[PDB]
Structure formats: structure tokens, C-alpha cells
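> Structure below; questions to follow.
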Amino acid sequence: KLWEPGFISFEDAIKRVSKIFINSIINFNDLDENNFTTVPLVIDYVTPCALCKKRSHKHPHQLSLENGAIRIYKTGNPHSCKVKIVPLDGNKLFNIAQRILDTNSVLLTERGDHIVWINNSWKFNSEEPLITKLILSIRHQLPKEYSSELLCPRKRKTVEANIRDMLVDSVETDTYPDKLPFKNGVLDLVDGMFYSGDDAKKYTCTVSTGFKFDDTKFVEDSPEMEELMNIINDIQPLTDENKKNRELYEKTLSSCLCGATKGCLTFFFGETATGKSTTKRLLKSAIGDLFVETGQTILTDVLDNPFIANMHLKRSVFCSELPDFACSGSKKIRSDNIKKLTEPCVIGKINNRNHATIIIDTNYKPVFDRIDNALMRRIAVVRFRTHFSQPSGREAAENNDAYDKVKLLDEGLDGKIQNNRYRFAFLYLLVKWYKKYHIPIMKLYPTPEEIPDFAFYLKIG
Amino acid sequence: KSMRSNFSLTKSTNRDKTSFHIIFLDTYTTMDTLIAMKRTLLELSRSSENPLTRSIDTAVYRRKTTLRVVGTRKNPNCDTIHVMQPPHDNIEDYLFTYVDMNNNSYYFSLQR
Ligand SMILES: Nc1ncnc2c1ncn2[C@@H]1O[C@H](COP(=O)(O)OP(N)(=O)O)[C@@H](O)[C@H]1O
Ligand SMILES: [Zn+2]
């Protein structure tokens, strides 16, 4: 017995090898389980040989059995013909699926979802699964005998089913807090290095700012950098009185790049026309989709809710215009949220990861229904004291004690920042401040000695 | 029209392996034409999306072509047998070697 019938029926293997030989086989009948490695395969070369593409072959071919496969080789001159291989075990689609998983292009997270690696970014979808798009994208990275058969849609559905049924164990995503993900790579914050390609693959970053990183703008000098300092100097004066507030502001600004849990909530306190919304727009333009504006519901309306589920993996949540909770007809901050919005996992798939710096802007000092010592530890406030008013009412603002300086309003800044003019210079400033403060540790300190409501407790003390 | 309008089908007794033979009665040609066809048959098998188009046995196209006769066992120790099928109750409709060129029948051959 020269054949081991542990792989495939000998008749089926002979049928396969005959199908490979387009030319008619002369002695097909005498091939049995005890001679197929011995008798040469004489072939009537009516058509060109299916292996060497020549008119004919001087000598007959021969078969060998090795490694669970059939090796087809020509006698006489070996280099005159191409060696051929017939496999016997495995559905070819299963081999393709094994190769595709083998690349680590498709993974599953703890959410029972499947993330893929298309166009240098970890794509993900739930309504329309996109494993098959990955298969199209990756067919170029496989031999020809796989690319030729990855085209038919039903074969791709079969390969997708195989991949689904082989990806058992879950991987953890977004473990690097000091990496800023774009759509074309990841920027490292500890260094100034940018990784674009397979280098960004190792950091399983499933979110992105939404715009491509450009090395021609992220230099330092910039056409826009100088007036960006002018604007930041005007909004926050570089003075000895407004000194501590300056680095507090810079720390709050930089804490929006780190992808970890933040231990404080910052209040932008200032009067009208102080530039708080200017900073809001600058951050939005600088970090793309990582910045999100929410409503007042997550402060005054019960959490468990799209406004609490969309903050999943967002690195900055900004709250706008608390409507004078000090006066009547208002709902207080209800500090239970302050208990809730800082602890690492947000309930509201009801579990989401919290990487967001929460910044709330206000014109009036806000009040809580209950004041506790845990509120002492997680609240900081930023004071804004520069006025950008129209030429008409400058004096009426220069005689107000709520402002330390009044500046002439420029009507063109909103359109320019909306055009992402200061998009990269401001990001450069953010990185510079991050290296200045958040290396090697990121943590935020509260300022209990600023909110007037906390004075009474200090009066108790 | 000759091959579509008149044909017969055989059914095998093996259910796990669907084995079938279709014989078009009103079409006749020489065997070298079949051998030359084998090429285009292989390309059609590789290109068509129909699952049955994969499972055509082109290796049967060989000198002294042999096929199991209807009503006869494949092997003495095997019980897979090709049986009669309606509406064709004539065994002559299941023999490709039988030649009956009528007015509806068409014959063709290679120029060379
Ligand atoms: N440094 C500056 N130079 C000129 N105009 C400036 C400025 N800083 C801010 N502004 C403008 O003055 C206004 C103050 O900014 P805004 O963010 O709206 O203030 P606010 N209402 O939130 O206190 C805006 O219209 C802004 O475009
Ligand atoms: Zn050859």
C-alpha cells in the first residue's frame, strides 16, 4: 500500500490531479493505491502542458507523496518544468481565514464587538459589520491562489464566518493614555514623535480626532503661532497677580490630551466677553472629535441617555451656560453627579470608559444642593479677567470691578478659528504644556479656597 | 435549441454525494470536438457562479471514455446505481453512443 487513505479517497485525489492536467492522461486506469509513486504518468500532449506551458514534454511526469500532499515533478530535466503541489487537508477558505487572523488585522474587544484595521486606523461598526471590507483590503497581502478566490462574495461570507468562529478571546483596547490618535497615525506626547502606518497599530486606539496630522504645520515657528501667543496673552495676561491662574489654565488645557481618568472638574468662571467660548472653540478645532459639547441634563437630569453614552472614550466634555442656579426657578448641581462623573466607569451596554476632562463654563458662581468634603477634593475654577468689548462701551466696562483689562474686540477671530487656522499651533502649545506638567504623572489639584459656597464651611472651620 | 429541447437525466442512489448525468439527445458531434471543448468547459467551470458548474468531471474526456450505464452498479461491492427517470422511459435516451439524426437533430464537427 503506497497510499494512506487517511486524507482523501484515492479516486478523489486522482480526480484532482487529473483536473490539474488539462491534457488527457494516457494510463489513468492503472493508477492505484500501490503504484501511484512508481509508474510514470504518460500524457497525450494535444494541448500545451498545464505546468510548463510548452508544446509537449519529452519525458513523462511523476507523483510523490510528502507532508500530506502530492508533489508533481517532471523526469529528465527538472528545471524544464514547474513543480506542482496538491494538498489534501483543509478547506481552502479555512486556510485563508487562518492567514487573515494570523495577521492580527481583526480583533474583538470586551464589548462583544469586532474592530478591524482598514487604511491605517482601527475601524469599528455595529450596525453594518465590516469584516468583509477587511477581507477585500487584505487580499493584496496574500498569495495569488488566495486573492483569486477572495473576490466572490459568498466565499468572503464563508471566510468571515470562519473568522467569527475562531476569534474567541477578547483583547483590551486604549491602554496608552499619552497617545493622541489621528486618522493617519498616532502622535506620542512624551516625545514629539509621530507614528504613521504599522507603528500606530500596536496602540489599539479605536477613536480619532478626525483630521490628518501634518508635519509642515507642527514645527514651532508658524505663520499663526505669534498671534496665537498674542491671543493667549490677551485672554490670560502674563502678570504677577493673574499668575497662578495662568498655569492652572494651562494644566486644565493640557489635561484634555491624556487618555486616562481625570480626578477633578474645572469651572471656567468669567463675565461676559471674557474668551471662555473662545477657548472652547480653540479646543474643538485643535482636537477634532475628541471634544464634545453636552447639555445640562447630565448635571440636573437623572443619568440612568445619549448625552451620557456619547462620552465613551471622549477626552474632553464641555458644559455650557449654567442658567443661574443661584436664583429661583433652577435645579442645583446635585453633587451626586460629581460623585459619579469622576469615578472611572460611567454607568449609562450601560458601562462606558471615562477619559474626558469635564470643563463647565459659567458667569455666576454656582451652588450645590448639598456640600460635602468629597466636593472639596475634585473642583477647580479658572478666573477670566480680560474684556473684549466694542469701542462704544469701553468706558462702561473700564469702570467695572469685574474686569482688570478691556481690549478691543476683533470680529474676524471666530471665522479664522472656525477655519482651523490655529489648529496645529494651539496643539503644539498643548503638547509643550503637557511635557511641562503631566510628565511623568498626570493628576489635577482642586482649589477649594475660591468658590464662595466653600467659604462658609471654611467659616465653620 | 437541439440540446435544450430534448434531453434526459439520470439519478444516482447515493444521497450524500449527488451524482447526476444529463444527456442531450438531439445534438451530435465527434469526440475530438469533445476533447477540444474540455478547455472551454474548464474555463466555464472556473468562471460561472453556479455551484454545479464546479462539479463537472472533465477528466472523463479521455481515450476510450467509460461511463456507468443506467440501471447498473458502479462497482461489484458498491450499491450506487443510476436509475431510470421520468419522463424519458427509453434506455436509448440515456446512451450517448446511440446516434439518431432526425430533422430536429443537429450535427456539427470541427473544420479540422
Ligand atoms: N485677544 C482677543 N483679541 C480680539 N478679540 C478677542 C480676543 N479674545 C477674544 N476676542 C473676541 O471677543 C469675544 C470674547 O470671546 P468669547 O469666548 O465669546 O467670550 P465670553 N462671552 O465666553 O466671555 C469674542 O467675540 C472673541 O472673538
Ligand atoms: Zn511540463
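By convention here, the chains of the C-alpha cells are called A, B, ... in the order presented, each chain's residues are numbered starting at 1, and ligands are numbered starting at 1 in the order presented.
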Let me have all residues with an atom within 12 Å of ligand 2, counting only C-alpha atoms and all ligand atoms, laid out as number ranges by chain.

A: 20-23, 41-45, 47-62, 72-84

> Please identify the residues whose atoms come within 6 Å of ligand 1, using only C-alpha atoms and all ligand atoms, and report them as a PyMOL selection string.

chain A and resi 231+234-235+271-278+388+409-411+413-414

> What residues in chain B have any atom no more than 8 Å from chain A when counting only C-alpha atoms, and can you write them as a VMD selection string?

chain B and resid 39 58 to 59 61 to 63

> Generate the output file for the selected residues, N, CA and C atoms, as a PDB file, in the first residue's frame.


```pdb
ATOM      1  N   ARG B  39     -11.297  22.270 -22.768  1.00  0.00           N
ATOM      2  CA  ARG B  39     -10.700  23.548 -22.384  1.00  0.00           C
ATOM      3  C   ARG B  39     -11.769  24.549 -21.954  1.00  0.00           C
ATOM      4  N   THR B  58     -14.410  16.838 -15.842  1.00  0.00           N
ATOM      5  CA  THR B  58     -13.740  16.987 -17.125  1.00  0.00           C
ATOM      6  C   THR B  58     -12.729  15.882 -17.395  1.00  0.00           C
ATOM      7  N   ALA B  59     -12.286  15.162 -16.362  1.00  0.00           N
ATOM      8  CA  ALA B  59     -11.316  14.092 -16.561  1.00  0.00           C
ATOM      9  C   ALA B  59     -11.903  12.911 -17.320  1.00  0.00           C
ATOM     10  N   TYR B  61     -13.023  13.051 -20.145  1.00  0.00           N
ATOM     11  CA  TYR B  61     -12.719  13.308 -21.550  1.00  0.00           C
ATOM     12  C   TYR B  61     -11.372  12.672 -21.858  1.00  0.00           C
ATOM     13  N   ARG B  62     -11.398  11.390 -22.208  1.00  0.00           N
ATOM     14  CA  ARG B  62     -10.167  10.625 -22.336  1.00  0.00           C
ATOM     15  C   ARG B  62     -10.383   9.520 -23.355  1.00  0.00           C
ATOM     16  N   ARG B  63      -9.271   8.980 -23.849  1.00  0.00           N
ATOM     17  CA  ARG B  63      -9.330   7.899 -24.823  1.00  0.00           C
ATOM     18  C   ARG B  63     -10.103   6.716 -24.256  1.00  0.00           C
TER      19      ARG B  63
END
```

> Using only C-alpha atoms, determine which residues lie at most 10 Å from residue 229 (chain A), disregarding the query and same-chain residues fewer than 6 positions distant; provide the list as a ChimeraX atom specification.

/A:235,425-426,429

> Please produce an output containing C-alpha atoms for each residue in the selection, written as a tab-separated table (two decimals), in the first residue's frame.


```
chain	number	residue	atom	x	y	z
A	235	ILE	CA	-7.17	86.18	27.27
A	425	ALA	CA	-0.13	75.86	16.75
A	426	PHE	CA	-2.53	75.51	19.67
A	429	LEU	CA	1.17	74.68	22.84
```

> Could you give me, as a list in words, the residues within 12 Å of residue 418 (chain A), counting only C-alpha atoms and dropping anything in the same chain fewer than 5 positions from it?

residues 278, 279, 280, 281, 282, 283, 284, 285, 286, 288, 412, 413 and 423 of chain A

> If we count only C-alpha atoms, what is near residue 87 (chain B) at a cut-off of 10 Å, once residues fewer than 3 positions away on the same chain are taken out, given as an NGL selection string?

:B and (8-9 or 84 or 90)

> Which residues in region 114-284 of chain A does DSSP call helix (DSSP H, G or I)? List them as a PyMOL selection string.

chain A and resi 131-141+144-147+153-166+225-235+244-254+276-284

> Would you pick out the contacts of region 347-357 of chain A at 7 Å or less, using only C-alpha atoms, so that residues sharing its chain but fewer than 2 positions from it are not included, and give the list as a ChimeraX atom specification?

/A:255-256,259-262,303-305,308-309,312-317,344-345,359

> Which residues are close to residue 212 (chain A), i.e. within 10 Å by only C-alpha atoms, leaving aside same-chain residues fewer than 6 positions away? Reply as a PyMOL selection string.

chain A and resi 181-185

> Mind checking DSSP for region 154-330 of chain A and telling me the strand (DSSP E) residues as a ChimeraX atom specification?

/A:179-181,186-188,194-195,265-270,291-294,316-319
